[PDB]
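Presented below is the structure to which this report refers.
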Number of protein chains: 2
Amino acid sequence: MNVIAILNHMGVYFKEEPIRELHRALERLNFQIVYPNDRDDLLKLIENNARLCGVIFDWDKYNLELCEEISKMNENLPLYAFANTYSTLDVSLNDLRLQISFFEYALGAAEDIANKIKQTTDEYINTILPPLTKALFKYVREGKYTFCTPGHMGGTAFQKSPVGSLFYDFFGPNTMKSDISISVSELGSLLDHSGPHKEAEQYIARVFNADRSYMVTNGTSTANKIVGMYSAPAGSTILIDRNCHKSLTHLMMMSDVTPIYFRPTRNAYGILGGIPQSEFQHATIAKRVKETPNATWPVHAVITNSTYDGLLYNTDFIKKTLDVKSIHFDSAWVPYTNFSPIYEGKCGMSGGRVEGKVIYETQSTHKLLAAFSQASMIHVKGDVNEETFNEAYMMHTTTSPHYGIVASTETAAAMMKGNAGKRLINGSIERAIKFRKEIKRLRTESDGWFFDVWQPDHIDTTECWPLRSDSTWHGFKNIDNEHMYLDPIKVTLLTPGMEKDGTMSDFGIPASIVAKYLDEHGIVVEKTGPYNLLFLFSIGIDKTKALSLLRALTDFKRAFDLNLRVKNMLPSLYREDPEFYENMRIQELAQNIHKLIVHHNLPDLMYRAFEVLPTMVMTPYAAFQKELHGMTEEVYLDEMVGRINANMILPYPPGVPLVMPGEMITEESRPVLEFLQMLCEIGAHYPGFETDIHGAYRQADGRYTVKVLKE
Amino acid sequence: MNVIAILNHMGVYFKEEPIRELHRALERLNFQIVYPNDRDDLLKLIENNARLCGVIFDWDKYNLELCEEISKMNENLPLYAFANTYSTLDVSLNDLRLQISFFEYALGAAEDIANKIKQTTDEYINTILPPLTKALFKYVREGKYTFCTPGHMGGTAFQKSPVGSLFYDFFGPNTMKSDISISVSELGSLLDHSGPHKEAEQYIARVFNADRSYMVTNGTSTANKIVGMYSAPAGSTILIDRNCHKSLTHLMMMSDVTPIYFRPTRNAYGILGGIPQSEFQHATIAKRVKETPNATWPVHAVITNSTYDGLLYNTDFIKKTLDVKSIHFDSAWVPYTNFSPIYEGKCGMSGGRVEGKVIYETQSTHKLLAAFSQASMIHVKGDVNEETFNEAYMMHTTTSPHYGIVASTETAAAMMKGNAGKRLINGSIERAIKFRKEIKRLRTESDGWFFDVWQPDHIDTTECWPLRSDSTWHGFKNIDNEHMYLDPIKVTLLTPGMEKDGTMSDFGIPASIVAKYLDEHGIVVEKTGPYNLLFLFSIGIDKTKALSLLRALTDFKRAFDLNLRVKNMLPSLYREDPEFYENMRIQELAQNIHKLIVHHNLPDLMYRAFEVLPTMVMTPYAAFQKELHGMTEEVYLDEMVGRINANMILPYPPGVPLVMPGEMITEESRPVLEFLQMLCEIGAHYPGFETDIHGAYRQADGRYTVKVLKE
């Protein structure tokens, strides 16, 4: 905030020489001065920037509707109207409700005007800032010597070493002084929820429409642990989504709990869809309790809302009909929910306080909002035992947190209050929708093949487009109406190779080549399956990045039709093994990997492997207990049927836990083994496209091993 | 030439204000002005630079011995003495024989003095320049439009294309305008030896002490062809050194000639030594004529003087006792011979015109002198048929030569006239000798192992150190006294692995690792054998490069004793196959390649393979004739005995033709086949150290093929 914009030169002297004196005084007060030519120049200057902290304009040539337009753009922005001809009498109430401060044109009075402008800018900065970030900035500005942890003590240890000086010159001084610990008593403490921290969690609670809100400093991988260790005591039972994270599996291995796994649907692409409506009612839950050993009525439920590919649920249905005392939504990919009414009825915090149960939501703030990594939140909705749940939160977090992460966690919510946050969210959603409309437009504009995007055939409104059973763009057969809602900002491109009914085509490009090409040209894809990409259109995405992406896709199309060699187009993949990719064209490589997928029948195996659940011999807690006692042997992959698995098997494709720790592959679940063997067989042909299975360990001969339990 | 150096400020005004006016006038005439503080400053300024083209000094405070010292440094350098107090009378003859022009201290007369200084500098430039380079520079300065070949026509085709503009911006304008053809009539023609060209060959003839000197524009690979096609008609017989170039083999395949091969000696290192004294007398030559089919008395002899490793011959012995009518010295590696009396009696042009035979010498000017590549000369000594030999020269050279190469060829000799060329050659030889003295000093200073240099144990004088039979540093057993002379500027380092008697040690580093490390650190080795390097200490080498080399050797020693990994120290070799060099230390790699050399017994096989000559079934001209008719088949390497070879086999190590085209490997020459098979066996283990055999073609299975003749 040092940019203060003065409107145009009227022409007469008595209201220009005071303006030039105020210009000189403001430059003396370390303010950059910009000179927009007219009104629309000011509108564009304010929307394209954010460092602007003041507008000076004459109240004669520009009326007070150029206070209201800026108010629609930013409510808290100070503007400085200069009163010459309009008297006191010419002011309405709507002018008085805006951030304007009136001044006069007097020669030699520029010093007091500049001091008042500096004070107003300071008030604006101290108004828009959240309280803990405000206090941290104040503490760094009054920077005191310290004799406490951390050891760098304001980064003055990095000023006395060469590699330390490189680190210090990279990061800069303010992010070294911002790292302090709980010994600084004026900032309170995260662990005890005191002072500026307590004001911060109350601020987070207002913003996100939650009763009590927490600010985790390790991540939602730890927030899931906190929620599932509070609400699910040992010996109890949980309803965990099979579409889960590794963190929930880790939680189940720490705690002595027992699962019933929900059964999500999926298409031939490998996109993890959702649980049908039948598996949230009392009948199916009671049945699955009945045929699970050592199982009682579930006391907690964990649901991934949304999925990895951005499929929201009808959460009002869930909160009405799921008859458990605590429903947890692992909303790691949807933290931005409250800030656009598009997502109404699509999160745990949507709607009011539900009766008889506590709704948890564990937004991963760093993922889609603007926050530093390892930042997360736990929003609750209901009544919880305050000391027990506070102690459970204290149990998993560290004792001396990184205050940069905490300040970023709060500043992410502070970016969403007012009109600026609504403008951010609506701009991101509208930009995502416009990108979707041209990618379907360029599909019908181009010749031959082009990238498809997995979205409804007619989208033109800003809403979460519901997945209807009467349409076939999604691919989930016999899907329930109003249970799924596509998130517009998680754009999933598609590549040729798949037909609409689910069978495979002949000409195709698997998405690994497209992702590697985009990585070569300096744009990064989130994660790819066999024939899909994913692009997070968060609040950071502007039209520069969107156009560069669209124009990396087009250059890939041109380079693939021209059929350039692997050496020229993909040097990063060429360097994987130059002997192999020396005389190979890209069309031959794409055709070869596509034929390896087709002949081995990848999508049918990937479907039929996840439509059958492995037999739960013992709870994953018992599997971890037997793993700790050294009762694990590494049998080869083929002889794994009838054996209890000790470590989780997580195959890419698709990215969802296939075999849990403690489950047996029986003869009824042989397509699981066939899929694993097929994936190992196809991954050992072409370098750079190596097999990515978390749990299976590569040997030298080419056959993988899985840690199973001894007999 | 725009640097004119004025000596110090006396203090009084009448000889300072004219000096300042002359300063201003000379800067107006585009002369850079330097200000050395005193006399020794001027001496150091002149030796460290060459762009200085004038010294202005006062004749009072500095005597005329600071004209004689500069004359010893540069004879033609103009200096401008300013006469104030010493009258006309105070001048000796030795002052008058120097390049001084006297001036006076007059106010307002700086314009005429500056014009005279500019004219004197122009005279100096037109004096030191050779005539054809002078005329080419004049032609480019008066740059005229052209409508003839070449097509770029002064580089104005490169000013109208993007990649052409990149080429033009790299090379610069003057080297584009300098490329013209024979259509420019004022520069004469190389082919017809007219005008400025004819003055250039006469200039080359003076400089190098030769009767008729030619300036080849393809290289000495073509000069050897010219000499051997003039002096050796078809059906005649030649005495060609076995230590020859590929170009001489190519000459023998073009022309219908018949060889007797001289038999050079060699040590266990693989250094190609020289022919003994017995193989230049009439008895052995007549014997080898007698047991060669279709052979008569030789009419020409070709001798590589020096060898690749810089071993000069006692050429007076050769020119006295070799009873052939034309002796050719392929002096590609020793072109600098005339310019230091160290090399007296060590070239074809050494001594006077020998009676009864014509001595050829074909100095490769680009190799060790300062000339552009593909530049060569043919110096003759004797009487030749002028039109026949001119037509033979015209036969192999092009018709439109690159005048940059021709101008560089003449300017290389022009760099050697006067005191500057003698200073260059003596400085290069003295720098080489001083480098040799510290590399033997650092060998005895360091701990454990260090690099040895293959040179006599006591060297302290500036001479070609003779290879004496009473010493064992060279390794050539029963060598003849005063037949070999080590060239001091071709420094051959040695690595551990060899004992002094010829047997192999246990701890060793083959020279490929050292060469690759030096290439990683940005210094290039000429060519390496198994355990030797080679460094050309030409006139370009100053102490910066020498110290950087010595200090790349030392850093290699430190990194090898510390035993750093291949990944950190040799990333360029790491990228050859990252899977193999991932977890390998440098000591393990060096030990492994050394053990591969030891167990397979490389030096004994490399010795015994070259001590036996393959059986000449037919002349290489007939081998090329049968090769052109498609009578060649590719048999594998093992079944090559009893078969006539069609293409030359040139194995690295060492770098000398082993099997000639048209020769059979018999049972008496089985160690040749054993050496070839051993080299193929050891080269197929470690990547980046691949087998380098010119003639043997690699197959996919790992067994090589050689093109032999059909039966």
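FYI, it's all coordinate maths here, none of it is from the lab. For neighbour counting, all protein chains shown are included, and Cβ atoms are generated from backbone atoms with ideal geometry for every residue, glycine included.
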* Residues that are of a type outside the set (D, E, K, R), within 14 Å of chain A (Cβ to nearest Cβ) and touching a helix residue (DSSP H, G or I) at 6+ places or on another chain (Cβ under 9 Å): find the helices (runs of 4 or more DSSP H) completely inside segment B:501-596 holding 3 or more of those. => B:571-574
* Asked: Can you pull out the residues in segment B:647-677 that are of a type in the set (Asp, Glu) and either within 30 Å of the chain's Cα centre (by Cα) or crowded, with 18+ Cβ neighbours inside 10 Å (or both)?
  -> B:663
* Asked: Yes or no: residue B:393 closer than 16 Å to residue B:227 by Cα, of a type outside the set (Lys, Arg) and surrounded by 21 or more Cβ atoms within 10 Å (Cβ to Cβ)?
  -> yes
* Looking at (1) of a type in the set (A, V, I, L, M); (2) under 29 Å from residue B:488 (Cα atoms); (3) surrounded by 15 or more Cβ atoms within 10 Å (Cβ to Cβ), find the lone condition where residue B:547 falls short. => (3)
* Return a yes/no flag: does segment B:42-53 have any residue that is surrounded by 14 or more Cβ atoms within 10 Å (Cβ to Cβ), basic (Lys, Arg) and without any contact (Cβ under 8 Å) to a residue 60 or more places away in the chain. => no
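Do we find that residue A:223 is assigned to a helix (DSSP H, G or I), among the small types (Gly, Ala, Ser) and buried (at least 23 other Cβ atoms within 10 Å of the Cβ) in this structure?
Judged against the criteria, residue A:223 is a match.
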* Do we find that residue B:377 is closer than 29 Å to residue B:276 by Cα, touching a residue at least 12 places away in the same chain (Cβ under 8 Å) and buried (at least 18 other Cβ atoms within 10 Å of the Cβ) in this structure? -> yes
* Enumerated helices (runs of 4 or more DSSP H) restricted to segment A:342-448, each holding at least 2 residues that are within 16 Å of the chain's Cα centre (by Cα) -> A:365-368, A:403-414, A:418-445
* Structure fact -> Considering segment A:251-276, residues that are over 24 Å from residue A:529 (Cα atoms) and surrounded by fewer than 18 Cβ atoms within 10 Å (Cβ to Cβ), and then whichever is farthest from the chain's Cα centre (by Cα), we arrive at A:256
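Here are some residues: A:621, A:607. Which one is in a helix (DSSP H, G or I), within 28 Å of residue A:688 (Cα to Cα), away from every other protein chain (no Cβ under 14 Å) and touching a residue at least 12 places away in the same chain (Cβ under 8 Å)?
Values: A:621 fails: within 28 Å of residue A:688 (Cα to Cα).
Of the residues listed, the single one that is in a helix (DSSP H, G or I), within 28 Å of residue A:688 (Cα to Cα), away from every other protein chain (no Cβ under 14 Å) and touching a residue at least 12 places away in the same chain (Cβ under 8 Å) is A:607.
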* Structure fact -> How many residues of segment B:480-502 are within 16 Å of residue B:597 (Cα to Cα) and of a type in the set (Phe, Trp, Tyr)? The answer is 0
* Structure fact -> residue A:155 passes all but one of the listed conditions (1) touching a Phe, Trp or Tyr at 6+ places or on another chain (Cβ under 8 Å); (2) surrounded by fewer than 17 Cβ atoms within 10 Å (Cβ to Cβ); (3) small (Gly, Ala, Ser); the exception is number (2)
* To do: Within segment A:178-209, track down each residue that is more than 28 Å from the chain's Cα centre (by Cα) and buried (at least 18 other Cβ atoms within 10 Å of the Cβ).
  => A:182, A:187, A:188
* Might you let me know whether segment B:645-657 holds any residue that is closer than 28 Å to residue B:511 by Cβ, touching a residue at least 12 places away in the same chain (Cβ under 8 Å), within 14 Å of chain A (Cβ to nearest Cβ) and in a loop (DSSP other than H, G, I, E, B)? => no
* Can you name every residue in segment B:326-349 that is surrounded by fewer than 21 Cβ atoms within 10 Å (Cβ to Cβ), farther than 16 Å from residue B:467 by Cα and free of Cβ contacts under 8 Å to residues at least 60 places away in the same chain? -> B:341, B:344
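May I ask you to say which residue of B:459, B:425, B:439, B:433 is closer than 30 Å to residue B:129 by Cα and of a type in the set (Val, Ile, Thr)?
B:425 is the lone residue from the list that is closer than 30 Å to residue B:129 by Cα and of a type in the set (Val, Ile, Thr).
Residues of segment B:509-544 being charged (D, E, K, R), without any contact (Cβ under 8 Å) to a residue 60 or more places away in the chain and farther than 26 Å from residue B:605 by Cα, which ones? Can you show your working first?
Step one: of segment B:509-544, the residues charged (D, E, K, R) are B:516, B:519-520, B:526-527, B:542-543.
Subsequent filtering for residues that are without any contact (Cβ under 8 Å) to a residue 60 or more places away in the chain retains B:519-520, B:526.
Within segment B:509-544, B:519, B:520 qualify.
Rundown of residues vs (1) within 37 Å of the chain's Cα centre (by Cα); (2) among the aromatic types (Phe, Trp, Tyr); (3) part of a loop (DSSP other than H, G, I, E, B), yes/no style:
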position: B:1; (1), (2), (3): yes, no, yes
position: B:15; (1), (2), (3): no, no, yes
position: B:25; (1), (2), (3): no, no, no
position: B:33; (1), (2), (3): yes, no, no
position: B:50; (1), (2), (3): yes, no, yes
* **Cross-chain or 6+ apart pairs with Cβ under 8 Å, segment B:570-582 first and on the phi < 0 side of the Ramachandran plot, then surrounded by 14 or more Cβ atoms within 10 Å (Cβ to Cβ) and of a type in the set (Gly, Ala, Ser)** => B:573/B:688; B:576/B:688; B:577/B:688
* To do: Just need a number here: residues in segment A:54-76 that are under 20 Å from residue A:19 (Cα atoms), in contact (Cβ under 8 Å) with a residue 40 or more places away in the chain and aliphatic (A, V, I, L, M).
  => 2
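A quick yes/no check of all residues on (1) among the polar types (S, T, N, Q); (2) within 30 Å of residue A:414 (Cα to Cα):
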residue: A:30; (1), (2): yes, yes
residue: A:34; (1), (2): no, yes
residue: A:37; (1), (2): yes, no
residue: A:58; (1), (2): no, no
residue: A:70; (1), (2): no, yes
residue: A:81; (1), (2): no, yes
residue: A:87; (1), (2): yes, no
* To do: Test residue B:599 against the criterion of being exposed (fewer than 15 other Cβ atoms within 10 Å of the Cβ), outside any loop (DSSP other than H, G, I, E, B) and not hydrophobic (A, V, I, L, M, F, W, C), and give yes or no.
  => yes
* Can you confirm whether segment A:427-437 contains a residue that is surrounded by fewer than 21 Cβ atoms within 10 Å (Cβ to Cβ) and among the hydrophobic types (A, V, I, L, M, F, W, C)? => yes
* Asked: Listed residues B:642, B:662, B:655; which is closer than 29 Å to residue B:589 by Cβ and not polar (S, T, N, Q)?
  -> B:655
